[PDB]
Structure formats: C-alpha cells, structure tokens
Amino acid sequence: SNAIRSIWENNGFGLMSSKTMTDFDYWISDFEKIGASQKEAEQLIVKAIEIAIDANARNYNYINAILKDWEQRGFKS
Ligand SMILES: [Mg+2]
C-alpha cells in the first residue's frame, strides 16, 4: 500500500483517506481473484493514478472507472 499512497500523496491528491485505502486494498484483492499477482495489481493501480494525473482528474471516481474496465477485460498487468 506504500507505493500507491506515495504516488497519491505526492501528486496533489491530498491525504490518502481511510476509505480510499480500503477501496484500493479491495481492488488489489479483486485483481487477484482473476489471476493477477499482488505486485501486478499494485502496478495497475499506480498506472491508473498516473493516467488520472495526466488527465487532471485526480480523484478516486476517475481511477475507479479505469480499473473497472481493466478488471472486466481481465487485464492482469
Ligand atoms: Mg483496512
């Protein structure tokens, strides 16, 4: 959770809320349920955060939409 918290907190998202950490923990679990490693799942979240930074949509809603796409497509990495 350290890497995800660091990219979030150093890129103008503000503090990582307890809710959002819970949400990302659950996302890691959900990617694991379709065969991603913990590490690969973490990498996916980092990438979605990078995409949100570049689009200037630095919020969980935007990141969640990205991750839902990837999860249904079955993207492990
Ligand atoms: Mg927890």
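Note: hydrogens, waters and symmetry copies are ignored here, and every other heavy atom, side chains too, is used. Position 1 is the first residue of the sequence, and the numbers go up from there.
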**OP:** Just do the side chain to side chain contact (heavy atoms under 4.5 Å, CB included) check on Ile49 and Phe13 with the steps written out, would you?
**Re:** CA-CA 10 Å; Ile49 291 169; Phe13 288 80; 3.8 Å; yes

Subject >> CA sep, side-chain torsions, deciding dist, call: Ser18, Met21, side chain to side chain contact (heavy atoms under 4.5 Å, CB included) >> reply: CA-CA 5 Å; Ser18 294; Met21 203 62 264; 5.9 Å; no

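Taken from CG in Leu44 to CZ in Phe24, the straight-line distance is 12.0 Å, to the nearest 0.5 Å. Going from atom CD1 of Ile53 over to atom CD1 of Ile7 covers 4.5 Å, rounded to the nearest 0.5 Å. From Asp23, atom CG reaches atom CD1 of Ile45 across 10.0 Å, with rounding to the nearest 0.5 Å.
The number of heavy atoms from other shown groups lying within 6.0 Å of CG (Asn2) does not exceed 12. The environment of CD in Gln38 is sparse: at most 12 heavy-atom neighbours from other residues, nucleotides or ligands sit within 6.0 Å.
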Acceptor/donor pairs from residues 64-77 side chains to any protein atom, 3.5 angstrom cut, sequence neighbours excluded:
unit_1 : atom_1 : unit_2 : atom_2 : d
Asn64  : OD1    : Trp27  : NE1    : 3.1
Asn64  : OD1    : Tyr60  : OH     : 3.3
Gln72  : NE2    : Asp69  : O      : 3.3

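Looking at every heavy atom in both residues, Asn11 comes nearest to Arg58 through O-NH1, 3.0 Å. Smallest separation of non-hydrogen atoms from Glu9 and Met16: OE2-N, 2.9 Å. When all heavy atoms of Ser1 and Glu42 are compared, the pair lying nearest together is N-OE2, 3.8 Å.
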